[PDB]
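Before any questions on how it binds or moves, here is one chain, the form deposited in one PDB entry, in structure tokens.
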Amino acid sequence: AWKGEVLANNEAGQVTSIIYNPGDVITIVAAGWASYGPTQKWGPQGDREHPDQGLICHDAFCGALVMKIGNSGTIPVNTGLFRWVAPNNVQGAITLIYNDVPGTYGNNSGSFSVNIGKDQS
């Protein structure tokens, strides 16, 4: 497995050591508190009242945990994925990233605590 944290102020995210391979089934659980600027904080689902101003992942809220698998596009994680299989032609290293607008991460705060593991398949 992989266990670690994902800094909200870190625009490259965390490249993990989970290589997602065709047919792999994975589980992710994410927890904690983060902000894209305000003194208030939101968890891994992000802020459902905030509008999308050019976020790296449009299918999730600002301040939400999202991921890339290899050189795929962003994919929402939020609180987690349970026994999840990826779509066709998606494979490689799982990278985790705070969902925010490129260029704006400098005042972010907090982090998410995240566990990833491969399940039986």
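All residue numbers refer to positions in the sequence shown, first residue = 1.
We do not show the form deposited with a small molecule bound, though everything after this point is about it.
By the 4.5 Å heavy atom rule, the three marked residues 64, 79 and 110 all fail to count as contacting the small molecule in the deposited complex.
In the deposited complex, the small molecule lies farther than 4.5 Å from every heavy atom of residue 25.
Under a 4.5 angstroms non-hydrogen atom cutoff, the small molecule in the deposited complex lacks residue 9 among its neighbouring residues.
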